[PDB]
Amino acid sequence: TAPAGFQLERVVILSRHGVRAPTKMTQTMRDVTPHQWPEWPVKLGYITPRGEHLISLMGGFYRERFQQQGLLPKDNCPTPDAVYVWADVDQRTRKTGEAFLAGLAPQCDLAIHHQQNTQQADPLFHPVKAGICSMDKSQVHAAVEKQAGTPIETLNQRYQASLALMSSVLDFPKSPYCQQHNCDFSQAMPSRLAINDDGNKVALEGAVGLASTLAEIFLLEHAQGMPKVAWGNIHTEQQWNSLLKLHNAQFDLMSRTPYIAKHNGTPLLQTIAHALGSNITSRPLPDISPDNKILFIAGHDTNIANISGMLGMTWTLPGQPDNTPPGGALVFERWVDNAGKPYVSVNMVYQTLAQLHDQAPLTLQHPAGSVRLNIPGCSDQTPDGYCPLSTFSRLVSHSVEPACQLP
């Protein structure tokens, strides 16, 4: 528990959506294995009912935690002013918002907020897609190469054992892809950085990008509790970790790389900071009370990775091979000590892979996972993890791209 006299005043939760069906199932994805991909019970890209339940289990945890620390009421529904949800436009994030409220405040008549037009990107989450700002294609190449520490064309050489493992789990040698190109998974698909003319769309092509997607899909199959996960081929924790290493690397390159991170993460970073009490300007969330205690932002793994890259936070998650798992969230807390001095603390809160698979109840006695995070740039951050707000404010204002602020 926190230091003597310390009081939790305000929380900002940046959460990934819950377990979802694969966003897409391409021809390449089908061709790299002779096995058939399992059918999901929802449309591609939608949160599953189980994904919603899992999220509500996390909302239950947050309720108990925020009651303990004095921020929410014991028993009683919270006032509507106390809790606010802003979700991205997608079905998966809106339903994540809704499921959070059902767990945080069961049978309370609360509702989420989101952009009015859901058929257009919300610039808070995707400023680049929404046309707020754009990147330079050449600077993207250099930044990504800098982040990998090596030419991207050689990336697969950093991940030979992981790729080989993905190859056996797929039975890639006996796949259609290989009867159409006659076979090694790494050699067949060298890494490359591809960017469109606009510099508005960037992707890692080749084996590490493809395997990142596949590995996440296997993790989601497990979290969904599907009868067969990767066709029975993942047996050990070591194999999970080795598969998901591809996915975390892909995210580091495509979303943590600071040049990319700041173009995509600036609006959220500014919004978070402002909710925490920074004197920095930010586009207001509609209908939010000055008296708001809990701001829950329902977004994506790319958002968390963006914020991570901007603030330089890294972590690994005990029992959870995905660094940005379904329902995992960055939880920013505003604390004041007894002299009234405000600090920021940041945790990565998540469900372990076993908590997802077992749909485990999350309570103070049987909690969600949680990792206390260092902010390297905050040189006056205390050993117990508090970052003075005045320092946190400066840090943010130096990390943002001014061209990507929401005007």
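Counting begins at 1, following the sequence as shown.
- The stretch of deposited sequence separating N182 from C183 contains 4 to 9 residues lacking coordinates in this entry.
- Look at the mean CA B-factor for 376 to 384 and for 61 to 69 in the entry; the higher one is 376 to 384.
- Judged by mean Cα B factor in the deposited record, 132 to 140 ranks above the other of 291 to 299 and 132 to 140.
- Per the deposited coordinates, the residue with the largest Cα temperature factor out of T96, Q320, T281, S255 is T281.
- Each of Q115, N241, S175, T316 has a CA temperature factor in the record; the biggest one is found at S175.
- Among the modelled residues of its chain, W335 has a C-alpha B-factor that falls in the middle third according to the deposited record.
- Sort the modelled residues of the chain by CA B factor and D358 lands in the middle third.
- In this PDB entry, the Cα temperature factor of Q187 sits in the top third of its chain's modelled residues, the highest group.
- In the PDB entry, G232 places in the middle third of its chain by CA B-factor.
- Placement of the Cα temperature factor of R10 within the chain: middle third of the modelled residues, per the deposited record.
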